[PDB]
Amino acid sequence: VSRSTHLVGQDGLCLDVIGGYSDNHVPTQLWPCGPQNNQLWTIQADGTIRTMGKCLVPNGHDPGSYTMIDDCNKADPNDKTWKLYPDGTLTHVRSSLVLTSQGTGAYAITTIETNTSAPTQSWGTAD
């Protein structure tokens, strides 16, 4: 079943669409957690992760590719399919790369990177 949640990463900050804008290609970052819609993510059985009607996708499939939101219908399965493991690893299924934070200061855009089991690579769910 789909579950709506916050995605909580390094230092208890939340995955956040910068500025709250739902336009295609707006990047994601870490931001102090709050009730705003751009921090509410729906994990679906189809493998997508959605906010504001859009899908989390990397802009590419290589280490260091940033993540952003995009139209779920302007995305192929490779772009939009993720798997959140119980230990916190959030894997981009096609590439096997993992969602990785790049700082807790403002506008630190998240990327997909080779898994190093870093503290920047562990994502928890919370109501």
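In this text, residue numbers run from 1 along the sequence as written.
The PDB entry records a higher mean C-alpha B factor for 71-79 than for its counterpart among 71-79 and 87-95. Remark: stretch with higher mean C-alpha B factor among 59-67 and 40-48 is 40-48. Among 15, 118, 18, 112, the highest C-alpha B-factor recorded in the PDB entry belongs to 118. Among the modelled residues of its chain, residue 27 has a C-alpha B-factor that falls in the lowest third, as given in the PDB entry.
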